[PDB]
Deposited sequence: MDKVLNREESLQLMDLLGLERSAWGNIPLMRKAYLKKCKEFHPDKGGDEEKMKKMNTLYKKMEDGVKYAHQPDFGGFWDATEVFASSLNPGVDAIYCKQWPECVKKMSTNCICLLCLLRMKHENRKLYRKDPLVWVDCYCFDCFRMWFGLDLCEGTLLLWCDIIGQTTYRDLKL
């Protein structure tokens, strides 16, 4: 995600969406806040209308790279979790020094991370990984029962990525 745009763009695109500047990295907000500004175009000041575009299109692609899997898929997957998907499975446990005989999105993604970090000399960041640790890292967020709800409000909207 840090690799999507730079600081200068990062802030600009966030302004042209009228989105709290603090919310860079929240793809589903940004998406829908842009599908909401587009409702204020066509026969609708206008120099912004095509600027938000030039920016937003560059981010959509940068983010499309962020979601590419390692090695091109060589070396549970439909759309948005939905139904009674299980994001956590016990509050402190799945998160803290885990107790791990389960596969809740939290524990899955966490496995995904410590599995990828084996072959990546690279450090992973938000929207490359989507695990709690990477999220809680990106925004400035404290390990608490609030923070989990925020995280799994974006996961409930992301399409099965890294499974």
Stretches of the record's deposited sequence for which the structure holds no C-alpha atoms: 45-47, 79-84, 173-174
